[PDB]
Amino acid sequence: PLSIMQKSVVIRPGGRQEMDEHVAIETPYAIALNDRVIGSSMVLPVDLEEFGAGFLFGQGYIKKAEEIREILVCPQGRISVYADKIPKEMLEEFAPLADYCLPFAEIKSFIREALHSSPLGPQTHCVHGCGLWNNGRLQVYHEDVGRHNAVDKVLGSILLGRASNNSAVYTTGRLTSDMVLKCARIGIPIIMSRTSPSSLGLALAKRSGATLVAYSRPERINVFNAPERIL
Amino acid sequence: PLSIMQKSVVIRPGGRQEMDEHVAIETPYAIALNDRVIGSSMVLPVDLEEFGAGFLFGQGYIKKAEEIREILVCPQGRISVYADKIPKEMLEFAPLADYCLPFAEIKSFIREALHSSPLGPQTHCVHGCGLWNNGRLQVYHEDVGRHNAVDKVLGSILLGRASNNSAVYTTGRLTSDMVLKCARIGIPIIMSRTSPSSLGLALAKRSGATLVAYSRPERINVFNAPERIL
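Its PDB header attributes the entry to X-ray crystallography and lists the resolution as 2.100 Å.

## A word on the packing of helix α6 (residues 176–185) of chain B against helix α7 (residues 198–207) of chain B
Residues and elements named next belong to chain B. Running from N to C, α6 and α7 cross one another at 20°; their axes reach a closest spacing of 7 Å. Here α7 runs roughly parallel to α6, going by the angle between their axes. Like other packed secondary-structure pairs, α6 and α7 cross with a definite hand, here right-handed. On α7, the residues that touch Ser176, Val179, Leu180 and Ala183 of α6 are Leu199, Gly200, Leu203, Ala204 and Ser207. Among the residues forming the contact of α6 with α7, the class breakdown is 6 nonpolar, 3 polar and no charged.

## Some remarks on the environment of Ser41(B)
Residue and element names in this part refer to chain B. Secondary-structure assignment places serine 41 in strand β4 (residues 36–43). For the pair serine 41 and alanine 65, spaced 24 residues apart in the sequence, the C-alpha separation amounts to 22 Å. Polar side-chain contacts of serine 41 include one of 3.5 Å to the side chain of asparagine 148.

## Focus: the interface of chain B and chain A
Facing the 47 residues of chain B at the interface are 49 residues of chain A. Summing both sides of the interface, chain B and chain A together bury roughly 3,800 Å²; the carbon and sulfur share of this comes to 55%. When the buried area of chain B at its contact with chain A is split by residue, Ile11(B), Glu26(B) and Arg173(B) rank highest and sum to 15% of it. The tally of links between chain B and chain A comes to 0 salt bridges. In this structure, the connection of chain B to chain A is made through 28 residue pairs in polar contact. Of all elements in the fold, only β1 (3–12), β2 (15–24), α7 and β12 (219–224) of chain B reach the threshold of two or more residues within the side of chain B that touches chain A. In terms of residue count, β1(B) provides more of the side of chain B that touches chain A than any other element does, 8 residues in total. Judged from the 3 bridges that link them, strand β1 (residues 3–11) of chain A and β12(B) form a sheet pairing that is antiparallel. Looking across to β12(B), one finds that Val9(A) is bridged to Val222(B).

Reading the values: rules and limits
Residues numbered from 1 in each chain as written, not as in the entry; some residues may be left out. Chains lettered and ligands numbered in written order. Heavy atoms only, no water. Axes fitted to C-alpha atoms, helices over the stretch in contact; angles between N-to-C directions. Helix = DSSP H or I, 4+ residues; strand = E, 2+ residues; numbered from the N terminus. Parallel < 35°, antiparallel > 145°, perpendicular 65-115°, else oblique. Left-handed = near helix turned anticlockwise from the far one by under 90°. Contact = heavy atoms within 4.5 Å. Nonpolar A, V, L, I, M, F, W, Y, C, P; charged D, E, K, R; others polar. Polar contact = N/O pair within 3.5 Å; in protein donor to acceptor, adjacent residues only side chain to side chain. Buried area = accessible area lost by both parts, 1.4 Å probe. Salt bridge = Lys/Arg side-chain N within 4 Å of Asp/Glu carboxyl O. Pairing = 2+ DSSP bridges.

Here it is in C-alpha cells:
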C-alpha cells in the first residue's frame, strides 16, 4: 500500500462540499546493518531494498556494490542489510565520474517517461521521484515522500546492479547539497532537476565536475555547470 | 546575503543563450546548547536566533520559553543557546490554543505571506512559514528546508515574538514532523499550500488540530476539525 483514501471538506465563500482525496503513506522504517540498527527514516513504503542500500551508502557505511550480501524487508518496519543527514568527511575529494553524455533530444523522452512512470504524484501531490536514463531508455524510477530518500533509492539501484552510474539522473526535487553529493559520490555525471539548485549544491557540482541542469523542461534547460555533456 | 548570482546556460532545440540566475544560499550551522554542539543543519542564514530555539524545541531539549536565558549567533556557523531528525518521545498532546480563523481573512493571510519576501520568486529554492492572528501576519520566516522554516516560527513563539494563538501557513507539505512540531507548541490551525501525508493527518487527528491543505485565497481542503474555520 502506498496511499489511503481520505475525506476532506472543501470550503469556499459559497459553501462547503465533502470530497474524496488520495493521501500518500509516510511510515517509519529502521535500517539495520549486520543485525545492528543504524538509523531510521520516514519513507513511502516501496522499493525498500534499494532504499536500504542507498541509505547506508549515503551515511558512509557501504561504498561498493560488492560488499552487499543481502537485504531483507519486513513489513513491521525494518530493512535488514547484510554486508561485508550527511557525515562530515563526505562534504570534503571526488573520484572521477562516468562518461555518459545526454543527447539534448532525449530530454523530452526522459522527462515524459519519468513523470508518466507512476500515478502517485498526480493522485497525492506528496511524492518526489528520481530516475536514471541511459541508452535512450528510463532504466529505473523511484518515488518517496522525501526527495533525499527517492535519490537514495536510485543509488541503491546502482549498488544492487539494477542500474548503471553511466547515466543522467532527473529529480522532481531541489538540488541542495546532500542531493548533488550523493549523485557525485556514486559517479553520476549529469544531475537534472525540474526545479532549482542551492548555492552549496552548485558548489559541490563544480568541485566534482558534474553537469548540473535546473528548471528542466522537455525543450528547455538551464545548465549551471559542464554544459559539454549535453549533446 | 541570502542569494547569489550565477551564470547559467539556457539550451533549447532552437539553440543556446547565456543567463544570470539567483541561487538561494544554503550553509551549515552548528547548534549548541549550554556549550555542547547538539547537531548541525543546512540553513538559509536569516532569523538564526529563532532557529536555534525552535531547533532545540523540535528536538526535545527545550520545553518552555522560560527555560531560555540567551542565544548567541556567530555568523561563521554557530548558534549558541543557553537554557536550563525526529525524536521518538515526541511521536508517541496537551491542549491547543483556541484561535479560530475567519474564512475571509484566508486570502489576506496567503497574499501577505506570499508577498512578504522576494526570495521565492528570485530563487525558487526556499520554503515559507507564517503565523496569523488579530487580522495580521505576525511573523513570517523562510529557509531552504521546510522543517527549518517551521523551527523558526516555533522559535519566535518561544522568544515571546509571536503567539501560538494563531493559524500557521506553510508552502511545505504537512508530513509527520511538520504537524508534530506545531501541535506540540499548541497551534490549533495548521495550513499548507500543498498536501498532507498519512502520518501528518494521523497526528492532526490525535491532537485535534485543524489541518488544511491545498490552501488558496478562496478555496481550502480541510482534512480535520473544520469548525475552527469561521
